[PDB]
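Before any questions on how it binds or moves, here is one chain, the form solved without its partner chain, in structure tokens.
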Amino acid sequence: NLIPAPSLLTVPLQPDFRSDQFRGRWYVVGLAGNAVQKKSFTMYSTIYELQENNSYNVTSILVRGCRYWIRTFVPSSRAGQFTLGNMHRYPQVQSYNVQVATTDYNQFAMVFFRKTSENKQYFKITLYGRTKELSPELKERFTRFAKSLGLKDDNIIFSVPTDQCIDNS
């Protein structure tokens, strides 16, 4: 059934990842993954608040009014890799990994997410912008990166910008 999840060793990692520069607000400009089946989606934002212990408080803001989804990313072995904090709260989830594949900190990021639940491996990549719009070249780059990971046209979606919720606080 599912497109096989790539190994974390085959997914790029941002070299010399800078947790201080990555912090703050990012807009989800596109999304691709093996559980993405394009039938678009309303843009949501994700705020990475860096803690003293170098974990992130990660708060996503979505349009339903507004929904907030709050979780913690705990640093893993390499800079730019994370696991999901408080795993006991997600009883479906056997493992969960986050990897910042590429970013220039002030414009865009591409982040890889993988999780195992129900003995099935899901993965997704997100195209983040510091604004709600990114260049055609960056959106093309994202598409080609998704396809390099075995994803198809049906698995790749770009979002519809909004001013509701996603700019809150």
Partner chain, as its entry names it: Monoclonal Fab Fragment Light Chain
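Residue numbers count along the first chain shown, from 1.
Omitted here: the form deposited with its partner chain bound. The next part is about that form.
- Among heavy atoms of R89, none comes within 4.5 Å of its partner chain in the bound PDB entry.
- Its partner chain in the bound PDB entry comes within 4.5 Å of a heavy atom belonging to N97.
- A residue is said to contact a partner when one of its heavy atoms sits within 4.5 Å of a partner heavy atom; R114 meets this definition for its partner chain in the bound PDB entry.
- Its partner chain is not shown here, and in the bound PDB entry it never comes within 4.5 Å of any heavy atom of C165.
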